[PDB]
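Asker: When you get a sec, could you give me coordinates for this:
(10 chains)
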Amino acid sequence: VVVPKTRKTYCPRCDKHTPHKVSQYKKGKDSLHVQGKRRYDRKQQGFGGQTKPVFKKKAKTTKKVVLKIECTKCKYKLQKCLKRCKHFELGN
RNA sequence: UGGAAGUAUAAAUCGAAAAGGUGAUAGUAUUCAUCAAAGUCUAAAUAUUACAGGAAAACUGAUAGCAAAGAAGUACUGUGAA
RNA sequence: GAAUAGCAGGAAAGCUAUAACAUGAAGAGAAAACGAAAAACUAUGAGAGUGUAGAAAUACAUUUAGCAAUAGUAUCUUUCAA
RNA sequence: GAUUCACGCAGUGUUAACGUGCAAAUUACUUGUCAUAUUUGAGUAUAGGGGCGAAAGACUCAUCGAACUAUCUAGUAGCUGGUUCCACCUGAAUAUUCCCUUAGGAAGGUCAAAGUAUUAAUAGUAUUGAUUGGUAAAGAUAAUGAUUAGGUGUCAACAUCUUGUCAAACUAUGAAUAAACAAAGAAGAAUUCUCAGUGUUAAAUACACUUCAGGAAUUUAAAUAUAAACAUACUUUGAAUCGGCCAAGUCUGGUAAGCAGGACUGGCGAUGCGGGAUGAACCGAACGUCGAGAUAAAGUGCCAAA
RNA sequence: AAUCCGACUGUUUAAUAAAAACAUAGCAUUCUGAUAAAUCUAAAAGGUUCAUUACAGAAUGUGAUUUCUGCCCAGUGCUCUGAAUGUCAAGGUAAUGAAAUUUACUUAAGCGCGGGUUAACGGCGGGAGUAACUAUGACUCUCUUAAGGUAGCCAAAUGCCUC
RNA sequence: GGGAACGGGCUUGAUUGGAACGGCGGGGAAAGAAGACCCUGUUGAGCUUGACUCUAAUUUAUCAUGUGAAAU
RNA sequence: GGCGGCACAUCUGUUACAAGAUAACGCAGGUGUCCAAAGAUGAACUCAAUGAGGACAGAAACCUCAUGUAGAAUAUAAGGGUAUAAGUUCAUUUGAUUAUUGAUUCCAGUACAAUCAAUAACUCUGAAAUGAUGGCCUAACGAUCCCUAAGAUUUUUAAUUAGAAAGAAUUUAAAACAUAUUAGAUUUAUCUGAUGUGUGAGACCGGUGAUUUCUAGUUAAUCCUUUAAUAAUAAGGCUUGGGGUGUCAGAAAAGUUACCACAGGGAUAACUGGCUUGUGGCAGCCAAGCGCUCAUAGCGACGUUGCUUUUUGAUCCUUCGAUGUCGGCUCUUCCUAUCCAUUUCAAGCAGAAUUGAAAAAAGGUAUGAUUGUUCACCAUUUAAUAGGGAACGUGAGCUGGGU
RNA sequence: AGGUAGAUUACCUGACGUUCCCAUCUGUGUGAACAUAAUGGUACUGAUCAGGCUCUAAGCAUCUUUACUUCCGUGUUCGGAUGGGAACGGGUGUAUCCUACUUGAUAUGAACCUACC
RNA sequence: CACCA
RNA sequence: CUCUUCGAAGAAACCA
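Answerer: Numbers count the residues shown, from 1 in each chain, chains lettered A, B, ... in the order given. Find the structure here:
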């Protein structure tokens, strides 16, 4: 919900408790050269229409929040998942 | 297509060479290996339920075995394919 | 009786072929890279004797053996993980 | 593109005949119509997601909301029907989990057949001992709620002492029936001596685990009842089945139901026999072929043995 | 003697419906200058209307005559002689990199915006006041989306209640 | 009467002489037809539509090198 | 069946039967969230309410004493738990973290998810013992494939120095041409023959030693693969999160058929029959009253007990390889809960006309306008113009008006 | 006898009063520093002037409560079993198990380690 | 607010 | 999900 930045948590690389910078994880841009997309492009060529299922029955109204707790002095990132919340804000 | 950043064919466009192709993960570089496309022919080993001529059978024995053991694709039906 | 090559006999049958390979002898890992002993231990257990007695068969005591199986262990190979 | 009759034609009515017919659409009377948007012969043109239609999804060789014919083709069916000799032995199911699952499947239970092990590997039972539960009951100024009245104190009110009646979603208390242990398996006990490795520990000779670490002597087969060696423990492979129905000194919905759905058991299904006249379930009792005898439920005026 | 439907002559479900159904003349709408419109074909110096030429060809609705066709362009259609940088493709250009690649800029129609159109598909309701006793509302106002059922006609082959 | 709750067969009764002719339409839950109403099936077909996925026709842009100028 | 609802994933009490399991479209409710504090810890305090007091101030404002077992609060539904707390206030903090095991709950003893017990790090709070791997407990949620993020420095190797200890290394037929040198030609991005050499070579004589190992440094490279060798991009691996399937063990999906078709079904509706009888119809018991007086001539409220299957329901037992489904016409028979005629009793029965009741079902119980109607409502006639059953009698008896 | 620590967690609680303090405990005095809050009331620290007034501890009462015992009462209910009776509803007999509320009688704590008296 | 029959 | 305007609209997009 309202979680702050500047967490002081354990860093596996340094084996110590160091200050961390907390942000939110956003899904990166889809690449056009990965195997799954390359395979999909070949399949969609030619006649046949839509060759793969298209999801059209969503039910979830929220998504799980994943923080990116990044070590300040060693750049070691940790991915921590939170419970489902409708409104999430990065505090002070 | 098993060939997966394209294995093969074809169409639209493009289009080489003081040669070059391939080493199946796309890219550039340097080595290595192995071949040298875009013309032609070529016996032998292989297939065969057309058809013809033979020989065999733990095959059937006239409601069986071919649809047909007699003038059987005959008699008979349909405008006709059948 | 892998194709296949020979033998007598004339044979869809029979016999002979130091043989490619198939399954197995070693297992784990996605892969690179690897690749098994403390010549094992503990428990219960199959069998064999000897003596005494009832007295017919058979029952008690003692010495020895420790297979199969089940469980638990030390050790060893591989894996991030047994 | 007036009114009518006739040769012809059609098909309004009888909802007549006929309806295994004269006929896979016909007959009789009645009616309408009977030349210019008329009737009709032959030739010719239009073909199956096509044609043709003054339009009915009508017609396209008795075939039309997509002709006929042959091939793919023995199309697919969780659905329906059938599935072929005898005797003997054993003998079921309707729970649970998942499925685009609900007329069907897979894991699992019941069951059969094969193959084993001397076997810390018997119990749908009772007793004794220590427990667990919150049902039936009971209670109601005992907690939570419901509810009738009467005294006393400062109309009512509020206190306080009685009184009558209550709860599936109230409870102090709390059975009967039940649930899970123990009644001597590191292998049938116990004691004495000796005793090590780790660790706990302030340190240990305490304590914990180590086959009641280990080793050796002495004593020893005892420790509720009952039953159990064709006992007990299974292992592997697999079939069928998961539409169920009935009874009740049981319950929930419903006015109730041969209604709907459950807890425990016994049955029917899969089951004949004796009795209830007859009856899937009730009562007695479960079946190799027979002879004789006592019996069961229930009967003994006749049918009908007594 | 009247009522309903169809104007009339005509056609129709071969074999249960001959009619109020179809057709019809009349009315009206749309597109097209012929190298066109419609439209058959896989293609085609291919084919039909077309031996044709707007008094024509092609595509539709209503259904003789008389009388009348009310209001609405908001939505969906169709159209425009409209605005440019709202959104829109492969491509084209440029930058980086060793190269693939990556990034940026620019591009048509279409939709969106604006206007026209109902004999185009269609729609024609609410709320608040108000007339000298009685209700109503000729007349104001006020949104939802645009308009608020006009001339007529009726328990109708169209009205549940309803005999 | 009970039974699958409407028997020709079973139980208990009523009652019965064998073969039949012309009629008739109560019964044989009479015949004709693997219900056509209803439901089920992960069975179809005709038709409709901004249901999903597509496609012919239509349309728009780029490519496919005629010369000779001129501007952008 | 549809429309409605979700009993489809899921939690609380009760049904539910004092172990476990446990039904219905049973009952009363709940979930798809919320929280940097409402997580962790330490300290202090005690809540609701009542009595008595205190200016405004009143029943509800704030203060004080006394009693005060929680009658308050604890995010939420309900049920559990809680008083030097789990509630209220203050203070510090991020354990709401990393890695590895073994179990328990659903369970097929699968996954997901949840609940725990330990070990190794690094931390928070407290003086300390302890406590902390989210919320006091029971719900608060998610596969394969695909996409998208985070992680794989600890260590293991090669090279060159310094030191040290162990090591003959296999054995006669040769082409690639890097080159040097000439010969024949050419001007071009110039080539074409042949002769030497090394390369490329390998047969050591107890000792040299090629070669491997060890130590200490130093330089480099380091998670695996892209299969002839490397390199920087790119791609694929391995582990763990997120993007979701609510039909919640997880297809990608609009209607209508009255023109319809097939496989089936009494597993299942529309008609009889069968159980029931709420509803309909009919009949009783009691006696508050009405009936000028008078409960009972005739009625009987408030309660209450029955019968029928002539209405409609409720159910789904028989029939889906078919039991012809409304009404009328024609015809026979049956029931009595009697409308008339016959015989009786009673009256608030003077006569007449009526009303209540008993025996009795052998005989009778009509004609028409409207409607397909059953039903109804009218106009008459009659001694009366009663109510019903027979597969809602009766379609190889008719009709076809309705459906 | 008292105080510290407890284990059983009402026979230990609650109300009305009563008895000592000789030690101990408590209440009692003060605010300088540690420390404390709005308040030296709490908590903290320094002390010993006085007091059994409260606490605490011991005892009383036809005391509420609580804990054992009988009785309630083999009454409620219950497991097994009829061709037992009843139209239903419900209720026997047989071989068995057996509460609760209430009322009456009793009790109102037992016990462990250390120090001091 | 009542669909099929 | 992108772009664009004033938590509402417009165009375009769509393999868990």
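Asker: mind checking how far the closest residue to residue A:30 other than its chain neighbours is from residue A:47?
Answerer: Here the nearest residue to residue A:30 in space, its sequence neighbours aside, is residue A:37; by CB to CB, 6 or more residues apart in numbering that works out to 6.9 Å. For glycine as for every other residue, the C-beta is placed from the backbone atoms N, C-alpha and C. Residue A:37 sits at a distance of 21 Å from residue A:47 (criterion: CB to CB, to the nearest Å).
Asker: Between those two, which has more neighbouring residues?
Answerer: When neighbours are counted by other CB atoms under 10 Å, residue A:37 and residue A:47 differ, and residue A:37 comes out ahead with 12 against 4.
Asker: hang on, the more buried one in a strand?
Answerer: No. According to DSSP: H, G, I helix; E, B strand; the rest coil, the state of residue A:37 is helix, so it is not within a strand.
Asker: isn't it right up against residue A:29?
Answerer: No. Applying CB atoms under 8 Å as the test, residue A:37 and residue A:29 come out as separate, 11.7 Å apart.
Asker: just the strands in chain A please.
Answerer: Defined through DSSP state E, the strands belonging to chain A, from first to last, are A:2-3, A:7-11, A:16-24, A:64-71, A:77-84, A:89-90.
Asker: Please list the residues of chain A that sit near RNA strand B.
Answerer: A:33, A:35, A:38-39, A:42, A:45 (CB under 7 Å from any atom of the strand).
Asker: The same query, at a cut-off of 6 Å, please.
Answerer: For chain A, the residues in contact with RNA strand B (CB under 6 Å from any atom of the strand) are A:33, A:38, A:42, A:45.
Asker: most surrounded residue in those residues?
Answerer: Ranking those using other CB under 10 Å puts residue A:38 first, with 12 neighbours.
Asker: show me what contacts it?
Answerer: Taking CB atoms under 8 Å, 6 or more residues apart in numbering, we find residue A:38 in contact with no residue.
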